[PDB]
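So the structure is just underneath, and the comments pick up after that.
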Amino acid sequence: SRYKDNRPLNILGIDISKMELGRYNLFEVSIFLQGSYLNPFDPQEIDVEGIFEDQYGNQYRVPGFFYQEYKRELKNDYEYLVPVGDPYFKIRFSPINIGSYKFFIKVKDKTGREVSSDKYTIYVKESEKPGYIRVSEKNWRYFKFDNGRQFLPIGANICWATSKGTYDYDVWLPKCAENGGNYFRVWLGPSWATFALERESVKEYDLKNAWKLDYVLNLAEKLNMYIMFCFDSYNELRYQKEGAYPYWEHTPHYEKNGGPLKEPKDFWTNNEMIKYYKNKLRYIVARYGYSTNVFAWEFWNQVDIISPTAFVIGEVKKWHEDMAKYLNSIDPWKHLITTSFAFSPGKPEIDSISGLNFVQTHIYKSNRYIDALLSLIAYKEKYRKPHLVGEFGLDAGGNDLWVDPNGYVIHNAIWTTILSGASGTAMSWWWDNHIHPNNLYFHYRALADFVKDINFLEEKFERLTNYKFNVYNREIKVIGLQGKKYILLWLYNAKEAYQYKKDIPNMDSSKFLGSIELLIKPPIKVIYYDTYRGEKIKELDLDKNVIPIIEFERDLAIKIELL
Ligand SMILES: OC[C@H]1O[C@@H](O[C@H]2[C@H](O)[C@H](O)[C@H](O[C@H]3[C@H](O)[C@H](O)[C@H](O)O[C@@H]3CO)O[C@@H]2CO)[C@@H](O)[C@@H](O)[C@@H]1O
């Protein structure tokens, strides 16, 4: 109980960031107080709240959180955080409406005494921000912002840094954002992760790592990127003898390390663990919930591969239902909630829960992964909610960077997924050893430039069917979407798409290879698109349903407009 206090409860100071701000922007209140509490992370010991009300009478109950300021520096190859000042409490709010808001601060400590502030008035003006990310009501396959514009995630996993910490995100994120990226995923566990909140304890959260997460979230805000926060990873509940990067022996949850659990199975039902997990959720909502740059709360990385002694499907299902209900009830902004599985088809008993707003796939597969992706995307349409291919790579023991230095595997997956009806791109692993050093960002820029001018929410896109190839010298395959105005095609050479030795294509496209006929009413306009340079190659108006296929080396995109 490092941060305990034993004084009579009193507010000592309040600092307010700004009294005027824009819609969806951060409004931050700093609260200095004294009180009686053993653990500032436990609302039963001290409960700080901000109560906000808009001019329409809508109320927001925002939990406050304990905070330490730091100043970062780089000591050769590692980030070091110097504490600045005493820790204190903060409230972070974001207005969804414009106009005036009134708010006050309330604090209650373990004695039951309550203190409060005067009522303050702030004023909110219109801004450019599109709002929070939600499921689209127009097409359940996709996400939208509150303002109605689509959110198509394009990006990769960027889940932890090296010892350089936030200084790595300073490098990776600008490169991603300048190349069409608007998405990444970070891990808040296990305890070795850059942003690990439960580092030494499951009862108190790590203020240094929380500050690093603030820093990275703020960078995402400046770059218009949106983050999935993964709260826990399977390693925490996996025994050493079980392999796969196990961490149970080292995790703070285990009684050996000060936690409540005698074995990982007890995580799902242990009353003390459940209480502290809810405190962690409250801390995460308090500290990060305001941000429209939080795309989603993800409970678990690959919960199905915790120790088999600990995976009880009915218990894991009930825990997800209960935690999703709790998280939704305390999150004033109702961020999306998800969870993930290592097994590519997922766990229907969990994926079907209404509290999980979208489903995911993880897939590491070396052979015929294009067909595997299409098959999984077709299968998961049964859930009638968005599908994110949240992890993808070869099944090559992490050797993707040697097998495919040009990123053709990633290239094939991002085109296949976005033109098969997934909510966004397949999300690659290997951000630090592959995507960045091999400079693979250009693949994303080319795809973003192809999709960004179409409102996917309104096209009524369906997986392409009813096509017929007429090609004699090559085996060409297609992944496609057919909509009310556009047909989007990704054509690939089956004999070249899975070979990765040749250099990035850079050829002429003057020869006729063959044709593809589609079920559509002409006249149509056809645009041929180089998927490596990210540029239009050729435009052609046609009065028949037969699309000529121009020469290409590996793959080619075609955008067809019904006129
Ligand atoms: O260096 C940080 C940390 O790394 C841990 O090991 C990582 C591996 O380095 C590798 O990235 C591995 O990736 C998995 C990941 O689990 C993911 O969910 C997905 O299923 O597949 C990838 C590709 O295999 O992830 C582990 C962590 O699970 C570990 O070695 C730590 O000791 C070390 O600090």
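Letters for chains follow the order of the structure tokens (A, B, ...), residue numbers begin at 1 for each chain, and ligand numbers begin at 1 in the order shown.
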Sort by chain and increasing residue number a table of all residues of chain A within 8 Å of ligand 1, each with its closest pair of atoms and their distance in Å to one decimal, counting only C-alpha atoms and all ligand atoms, and write it as a Markdown table.
| residue | atom | partner | partner_atom_place_in_ligand_line | distance |
| --- | --- | --- | --- | --- |
| A:160 | CA | ligand 1 | 2 (C) | 7.1 |
| A:161 | CA | ligand 1 | 2 (C) | 7.8 |
| A:162 | CA | ligand 1 | 1 (O) | 7.0 |
| A:192 | CA | ligand 1 | 34 (O) | 5.3 |
| A:193 | CA | ligand 1 | 2 (C) | 6.7 |
| A:233 | CA | ligand 1 | 28 (O) | 7.3 |
| A:234 | CA | ligand 1 | 28 (O) | 7.6 |
| A:235 | CA | ligand 1 | 28 (O) | 6.2 |
| A:244 | CA | ligand 1 | 28 (O) | 7.0 |
| A:245 | CA | ligand 1 | 28 (O) | 5.4 |
| A:246 | CA | ligand 1 | 28 (O) | 7.8 |
| A:301 | CA | ligand 1 | 18 (O) | 5.9 |
| A:302 | CA | ligand 1 | 18 (O) | 6.4 |
| A:342 | CA | ligand 1 | 20 (O) | 6.0 |
| A:362 | CA | ligand 1 | 20 (O) | 6.9 |
| A:364 | CA | ligand 1 | 21 (O) | 7.6 |
| A:391 | CA | ligand 1 | 19 (C) | 6.5 |
| A:393 | CA | ligand 1 | 23 (C) | 7.5 |
| A:397 | CA | ligand 1 | 24 (O) | 6.9 |
| A:398 | CA | ligand 1 | 24 (O) | 6.3 |
| A:429 | CA | ligand 1 | 23 (C) | 6.5 |
| A:430 | CA | ligand 1 | 11 (O) | 7.0 |
Keeping only C-alpha atoms, write the selected residues as a PDB file, in the first residue's frame.
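The result, stored in out_20.pdb:
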ATOM      1  CA  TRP A 160       4.620  -3.595 -27.735  1.00  0.00           C
ATOM      2  CA  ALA A 161       7.892  -1.719 -28.101  1.00  0.00           C
ATOM      3  CA  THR A 162      11.516  -2.615 -27.465  1.00  0.00           C
ATOM      4  CA  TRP A 192       6.316  -7.658 -19.473  1.00  0.00           C
ATOM      5  CA  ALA A 193       4.314  -5.663 -22.026  1.00  0.00           C
ATOM      6  CA  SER A 233      -3.062 -12.306 -22.993  1.00  0.00           C
ATOM      7  CA  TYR A 234      -3.346 -16.077 -22.668  1.00  0.00           C
ATOM      8  CA  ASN A 235       0.252 -16.343 -21.485  1.00  0.00           C
ATOM      9  CA  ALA A 244       3.933 -21.196 -26.163  1.00  0.00           C
ATOM     10  CA  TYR A 245       5.523 -18.285 -24.274  1.00  0.00           C
ATOM     11  CA  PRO A 246       3.974 -19.255 -20.925  1.00  0.00           C
ATOM     12  CA  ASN A 301      -5.597 -12.333 -26.661  1.00  0.00           C
ATOM     13  CA  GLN A 302      -6.312 -15.980 -27.523  1.00  0.00           C
ATOM     14  CA  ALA A 342      -5.992 -18.717 -31.409  1.00  0.00           C
ATOM     15  CA  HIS A 362      -6.337 -15.103 -35.851  1.00  0.00           C
ATOM     16  CA  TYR A 364      -1.102 -18.241 -39.167  1.00  0.00           C
ATOM     17  CA  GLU A 391      -3.763 -11.431 -36.485  1.00  0.00           C
ATOM     18  CA  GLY A 393       0.960 -14.363 -40.855  1.00  0.00           C
ATOM     19  CA  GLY A 397       7.962 -20.057 -36.743  1.00  0.00           C
ATOM     20  CA  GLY A 398       8.394 -16.314 -37.110  1.00  0.00           C
ATOM     21  CA  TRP A 429       2.257  -9.548 -36.850  1.00  0.00           C
ATOM     22  CA  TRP A 430       5.948  -8.601 -37.045  1.00  0.00           C
TER      23      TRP A 430
END
| request: Just the residues within 6 Å of stretch 443-458 of chain A, please, counting only C-alpha atoms, with nothing from its chain fewer than 2 positions along; format it as a ChimeraX atom specification. | output: /A:138-139,179-180,441,460,531,534
Within 9 Å of stretch 422-427 of chain A, which residues of stretch 95-172 of chain A come that close, and what is the closest atom pair and distance in Å for each? Count only C-alpha atoms and give it as JSON lines.
{"residue": "A:141", "atom": "CA", "partner": "A:423", "partner_atom": "CA", "distance": 5.8}
{"residue": "A:142", "atom": "CA", "partner": "A:423", "partner_atom": "CA", "distance": 4.8}
{"residue": "A:143", "atom": "CA", "partner": "A:423", "partner_atom": "CA", "distance": 6.9}
{"residue": "A:151", "atom": "CA", "partner": "A:424", "partner_atom": "CA", "distance": 8.5}
{"residue": "A:152", "atom": "CA", "partner": "A:424", "partner_atom": "CA", "distance": 5.0}
{"residue": "A:153", "atom": "CA", "partner": "A:424", "partner_atom": "CA", "distance": 4.7}
{"residue": "A:154", "atom": "CA", "partner": "A:425", "partner_atom": "CA", "distance": 5.3}
{"residue": "A:155", "atom": "CA", "partner": "A:427", "partner_atom": "CA", "distance": 6.3}
{"residue": "A:156", "atom": "CA", "partner": "A:427", "partner_atom": "CA", "distance": 4.3}
{"residue": "A:157", "atom": "CA", "partner": "A:427", "partner_atom": "CA", "distance": 5.9}
| residue A:479 environment, 10 Å, only C-alpha atoms, sequence neighbours closer than 5 positions dropped, as number ranges by chain | A: 370-371, 374, 415-420, 463-465, 488-492, 557
Save the residues we just selected, C-alpha atoms, as an mmCIF file, in the first residue's frame?
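Contents of out00.cif, freshly written:
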data_model
loop_
_atom_site.group_PDB
_atom_site.id
_atom_site.type_symbol
_atom_site.label_atom_id
_atom_site.label_comp_id
_atom_site.auth_asym_id
_atom_site.auth_seq_id
_atom_site.Cartn_x
_atom_site.Cartn_y
_atom_site.Cartn_z
ATOM 1 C CA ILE A 370 -6.042 -16.786 -49.518
ATOM 2 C CA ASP A 371 -8.672 -19.533 -49.639
ATOM 3 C CA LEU A 374 -12.116 -16.283 -47.738
ATOM 4 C CA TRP A 415 -6.344 -7.348 -50.447
ATOM 5 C CA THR A 416 -8.133 -10.683 -49.864
ATOM 6 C CA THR A 417 -9.688 -9.592 -46.580
ATOM 7 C CA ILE A 418 -10.937 -6.124 -47.549
ATOM 8 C CA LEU A 419 -12.424 -7.408 -50.840
ATOM 9 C CA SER A 420 -14.022 -10.447 -49.232
ATOM 10 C CA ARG A 463 -18.885 -11.521 -52.045
ATOM 11 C CA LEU A 464 -18.557 -11.890 -55.803
ATOM 12 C CA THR A 465 -20.181 -14.976 -57.343
ATOM 13 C CA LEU A 488 -14.195 -4.400 -56.842
ATOM 14 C CA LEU A 489 -11.914 -7.196 -58.046
ATOM 15 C CA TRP A 490 -8.545 -8.494 -56.899
ATOM 16 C CA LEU A 491 -7.123 -10.871 -59.501
ATOM 17 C CA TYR A 492 -4.122 -13.026 -58.715
ATOM 18 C CA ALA A 557 -7.018 -4.747 -58.879
#
| request: Can you check which residues of stretch 279-528 of chain A DSSP gives as alpha helix (DSSP H) on the backbone and send them as a PyMOL selection string? | output: chain A and resi 279-288+313-330+348-351+369-380+400-403+408-418+441-451
| field | Using only C-alpha atoms: which of A:147, A:194, A:307, A:473 has the shortest distance to residue A:243 | value |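 Looking only at the distances to residue A:243, the closest residue turns out to be A:307.
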| said: as a ChimeraX atom specification, please: the residues near residue A:258 (cut-off 9 Å, only C-alpha atoms, same-chain neighbours under 5 positions excluded). | reply: /A:200-202,252-253
Go ahead and save the residues from that selection, with C-alpha atoms, as a tab-separated table (two decimals), in the first residue's frame.
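Full text of selection.tsv as output:
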chain	number	residue	atom	x	y	z
A	200	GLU	CA	3.79	-6.14	-10.01
A	201	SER	CA	0.27	-6.60	-8.64
A	202	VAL	CA	-3.32	-7.20	-9.69
A	252	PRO	CA	0.95	-11.31	-10.48
A	253	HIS	CA	-2.33	-13.26	-10.44
| For residue A:33, which residue out of A:563, A:9, A:16, A:537 is the nearest one, using only C-alpha atoms? | A:9
| residue A:540 surroundings by only C-alpha atoms, 12 Å radius, close-in-sequence under 2 positions cut, as a PyMOL selection string | chain A and resi 523-529+536-538+542-544+546-550+558-561
| Nearby residues (only C-alpha atoms) at most 8 Å from residue A:461, same-chain spacing under 2 positions excluded, as a VMD selection string | chain A and resid 421 456 459 463 481 to 484
Within 7 Å of residue A:99 using only C-alpha atoms, minus same-chain residues under 5 positions, as a PDB file with C-alpha atoms, in the first residue's frame:
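Listing of around09.pdb after writing:
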ATOM      1  CA  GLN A  55     -27.793  21.298 -21.834  1.00  0.00           C
ATOM      2  CA  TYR A 123     -18.624  25.373 -23.326  1.00  0.00           C
ATOM      3  CA  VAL A 124     -18.212  23.048 -26.272  1.00  0.00           C
ATOM      4  CA  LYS A 125     -17.964  24.168 -29.897  1.00  0.00           C
TER       5      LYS A 125
END
With 12 Å as the cut-off and only C-alpha atoms counted, what is the closest atom pair between each nearby residue of stretch 328-416 of chain A and stretch 501-515 of chain A? Distances in Å to one decimal, ordered by chain and number, as a Markdown table.
| residue | atom | partner | partner_atom | distance |
| --- | --- | --- | --- | --- |
| A:402 | CA | A:501 | CA | 10.2 |
| A:403 | CA | A:501 | CA | 8.1 |
| A:404 | CA | A:501 | CA | 7.3 |
| A:405 | CA | A:501 | CA | 8.6 |
| A:406 | CA | A:504 | CA | 7.0 |
| A:407 | CA | A:504 | CA | 9.4 |
| A:408 | CA | A:504 | CA | 8.7 |
| A:409 | CA | A:501 | CA | 11.7 |
| A:411 | CA | A:504 | CA | 11.2 |
Restricted to N, CA, C and O atoms, what would the selected residues look like written as a CSV table (one decimal), in the first residue's frame?
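The new file again23.csv reads:
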chain,number,residue,atom,x,y,z
A,402,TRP,N,12.3,-13.5,-43.3
A,402,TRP,CA,13.3,-14.1,-44.2
A,402,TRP,C,12.7,-14.7,-45.5
A,402,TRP,O,13.2,-14.6,-46.6
A,403,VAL,N,11.5,-15.4,-45.3
A,403,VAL,CA,10.8,-16.0,-46.4
A,403,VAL,C,10.3,-15.0,-47.4
A,403,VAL,O,10.2,-15.2,-48.6
A,404,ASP,N,9.9,-13.8,-46.9
A,404,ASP,CA,9.1,-12.9,-47.7
A,404,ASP,C,9.5,-11.5,-47.3
A,404,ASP,O,8.7,-10.7,-46.8
A,405,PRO,N,10.7,-11.1,-47.6
A,405,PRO,CA,11.2,-9.7,-47.3
A,405,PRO,C,10.4,-8.6,-48.0
A,405,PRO,O,10.4,-7.5,-47.5
A,406,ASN,N,9.7,-8.9,-49.1
A,406,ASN,CA,9.0,-7.9,-49.8
A,406,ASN,C,7.5,-7.8,-49.3
A,406,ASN,O,6.8,-6.9,-49.7
A,407,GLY,N,7.1,-8.6,-48.4
A,407,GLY,CA,5.8,-8.5,-47.8
A,407,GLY,C,4.7,-8.9,-48.7
A,407,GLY,O,3.5,-8.5,-48.6
A,408,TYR,N,4.9,-9.8,-49.7
A,408,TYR,CA,3.9,-10.3,-50.5
A,408,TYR,C,2.8,-11.1,-49.7
A,408,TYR,O,1.6,-11.1,-50.1
A,409,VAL,N,3.2,-11.7,-48.6
A,409,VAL,CA,2.2,-12.5,-47.8
A,409,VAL,C,1.2,-11.5,-47.2
A,409,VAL,O,0.0,-11.6,-47.3
A,411,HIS,N,0.6,-8.5,-48.3
A,411,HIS,CA,-0.1,-7.9,-49.5
A,411,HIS,C,-1.2,-8.7,-49.9
A,411,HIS,O,-2.4,-8.2,-50.0
| field | Option closest in space to residue A:71, from A:84, A:107, A:196, A:281 [counting only C-alpha atoms] | value |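 Looking only at the distances to residue A:71, the closest residue turns out to be A:84.
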| task | Measuring atom to atom with only C-alpha atoms, identify which of A:379, A:203, A:345, A:334 is nearest to residue A:272. | result |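 Between A:379, A:203, A:345, A:334, the residue approaching residue A:272 most closely is A:203.
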